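Structure 1 and structure 2 below are two forms of the same protein chain, each written out on its own as structure tokens.
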Structure 1
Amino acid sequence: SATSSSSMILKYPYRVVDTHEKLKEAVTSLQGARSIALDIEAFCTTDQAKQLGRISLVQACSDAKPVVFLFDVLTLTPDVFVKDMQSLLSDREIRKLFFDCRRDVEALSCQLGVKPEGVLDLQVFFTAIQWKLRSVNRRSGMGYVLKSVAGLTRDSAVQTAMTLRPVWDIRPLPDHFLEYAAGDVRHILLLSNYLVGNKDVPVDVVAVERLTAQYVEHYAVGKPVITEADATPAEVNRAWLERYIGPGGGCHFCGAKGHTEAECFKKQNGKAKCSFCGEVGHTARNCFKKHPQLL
């Protein structure tokens, strides 16, 4: 099951790929994959610049090996790194899994001259589900998607230097920077087990692949993107959702957009209770007893 498979994936060690010898081995491993989760860490810039800064790490985790590769592009140089990786990134027969591909794909194209093919954006997948059920086009962050899809609740000094300096320029990278960089692709690969090939997910993977391909066409143009595809960063263009996914949904009980029948305040009519602690006024997903980290 996806739940037991998740525990294995979360134990995958990282491996820094920072020499030509290490790179050849990593490429050979990824060459045998069917799906490769990808992520990028880049030099932090200023708030105004939307483009990623200079690529520092490209992270990969595939179904071919229980490891997270941390490609040290800064040390290898882009020229060395892209030599054989470009063919794999361009191979439509290997699915590349992202969580918000937009900035990543822009950086791959601008900085590396590579345009991936066979891409599936799991953040978009999750949004497309919310769109079909509720006419919601919000992009949710990794933490929210992890909790809602896999029930998982997933470091500091990295966030301290980051949110508040390039950050990712220092070499050697401290262990906790490497582990920080390693985390997302583990989560991406495990999330794919829940979202992809799940008969009971109500959006077709092919539809989301096509929608993701549109994002790659928009953002992988060999130069910084002028006009964003989404009206604000934390949403998915409604017109693209209408085109690739279909009409947005709403509550079967009251007809409103934004929620489903199972969540309807009107159908619950003041009588619903938290399924964990039993009190009125909140859901199990947001219960402070079940989830004290929400206090």
Structure 2
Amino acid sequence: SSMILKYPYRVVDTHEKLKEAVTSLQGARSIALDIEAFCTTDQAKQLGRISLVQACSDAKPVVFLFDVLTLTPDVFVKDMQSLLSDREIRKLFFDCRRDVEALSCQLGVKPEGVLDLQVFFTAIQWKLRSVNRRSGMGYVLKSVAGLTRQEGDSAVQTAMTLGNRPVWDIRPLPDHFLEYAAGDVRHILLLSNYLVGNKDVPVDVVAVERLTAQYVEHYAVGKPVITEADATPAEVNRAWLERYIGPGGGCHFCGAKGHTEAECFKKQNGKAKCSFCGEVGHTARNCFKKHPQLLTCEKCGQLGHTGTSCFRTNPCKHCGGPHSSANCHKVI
């Protein structure tokens, strides 16, 4: 469960350690994947030189950080490509577009059995509301598992937002660099426990597998991708969503796309609300405070209150004391 967040990382930077890592991963049924690369000075959308490939599987409580820079891609691909090509081992990404491009351009591999969970989350939004926006990991984690992505406030994350520096070319990598890189794959695997194999999720995993497969075909072409599959970087192709996920949903109460019945303001406003006692749920014509005759009492025979409320709550007419007005010693 949330034990995933406590998986230690392990730097894989030698051939011995690489072979040991591959052994573990090969028994996996799912492997979360992510890539850290040199930042680019330019305006190209392509990831820079691959530095780390991070992997976290359900086969071992450990995050492997493959130092692809030290190992070299040739060493790394020779041991990893069969596993990356194994469609019986699910590969979990969070937004796979540029990562898959880099795997294709820089490593010459194209993964199989890929499932993009950002695309999964948007698929759920599309089915329920006809929303095709991509959400960041921060938003999705907080929304699905109530956790705060605190790595977005870390020094590493700001160093890239500045963009002045490759960042990921330093060797040896500082501890908070590695811990930062481990968190991304930890979040991906943790997230898959909420989305994959959950009967309360309104989209079939296989359908999102088929939609993701379109993204991999579009982005793994051995060259940089000039034409993007989506109209803007932060959304998912609506025609693909329509083909693979189905017609987009909307509000069964008012009719509008963009929200569900449970979010509809028109439902919560048009609700019956009492002009006399303020309570929501009844009009004033049926209010018990305004018309106490609608309540005969179970234990005393007075109109206005049930059995669950036969106590005297209003203080004395005469002195304000803890009793009723008729029995005040000033009038009696």
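Residues that one form lacks are left out of the comparison. Counting starts at 1 and follows the sequence of structure 1. Take the two forms, find the largest set of C-alpha atoms that superpose within 1.5 Å, and that set is the rigid core.
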Considering the change between structures 1 and 2 as two rigid parts, does the C-alpha of residue 283 belong to the same part as that of residue 219?
-> no
Name the rotation angle of the smaller rigid part against the larger part between structures 1 and 2, given in degrees.
-> 156
By how many angstrom is the CA atom of residue 278 displaced between structures 1 and 2 after fitting on the core?
-> 14.8
Can you give the C-alpha shift of residue 47 between structures 1 and 2 in Å, rounded to one decimal, after superposing the rigid core?
-> 5.3
Between structures 1 and 2, C-alpha offset at residue 118 (rigid core aligned, Å) | 0.2
Three or more consecutive residues, each Cα shifted by 2 Å or more between structures 1 and 2 after core superposition: list those runs for me in sequence order.
-> 270-295
